[PDB]
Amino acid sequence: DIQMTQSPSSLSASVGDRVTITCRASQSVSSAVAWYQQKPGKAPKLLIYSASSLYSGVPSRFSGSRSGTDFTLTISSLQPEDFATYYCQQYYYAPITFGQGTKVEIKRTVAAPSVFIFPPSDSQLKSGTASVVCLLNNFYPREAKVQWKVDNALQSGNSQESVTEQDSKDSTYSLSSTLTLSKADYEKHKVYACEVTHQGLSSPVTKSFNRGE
């Protein structure tokens, strides 16, 4: 069985830069290696076959090479249309194997999040539950710490985060953090706050509200 060990699992690069993804096979696969591009929500598209041949429509900035067991895909200058996940593949013989993928994300300057907090809707409380939503909108880099405080007590094990894919225009991220409680548990406190720390903020930003105001 052939293993295909692809590296790195993710990378950030600016537009115009050179990016290098490598795939290391466990044994000789001769030149029977392909590379694929997958954009979020879409089918993969073939970019390279037999280590170094460019497929239909693939611009001259993608290139592939082999040295024994190592396979490399290079983009000479990252263009915005090149943000995607990349996969190596051996078609030497079955079982067929793909590498784990490489997510290429573009580099950008630091942008602090704008923070918004949303108390639970009155219709949700009538249903029996309460969701408090903290929104961090349009920031970079993706790393960011969101911390919930209720009655100024740090919370744990009751909030879930979701992050958008990098945006195509401004190339930033947005994040939601959602605290969900039963209606009884929600009315047992007064003040709900989310504190946000991020590279772009000189000090952590807190958004809070008092449950009955």
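In case it trips you up, residue 1 is the first one in the sequence shown, and so on.
Taking the PDB entry as given, 109-117 carries the higher mean Cα B factor of the two stretches 96-104 and 109-117. Mean CA B-factor, 148-156 versus 175-183: the higher value falls on 148-156. Of the candidates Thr164, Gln38, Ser52, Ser60, the PDB record gives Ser60 the highest C-alpha temperature factor. In the PDB entry, a CA B factor belonging to the highest third of its chain's modelled residues is recorded for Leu78.
Ranked within its chain, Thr22 lands in the lowest third, by CA B factor from the PDB record. Among all modelled residues in this chain, the alpha-carbon of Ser65 has a temperature factor (C-alpha) in the lowest third. Ranked by C-alpha B-factor against the other modelled residues of its chain, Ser30 falls in the middle third. Per the deposited record, the Cα B-factor of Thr129 falls in the highest third when ranked against the other modelled residues of its chain.
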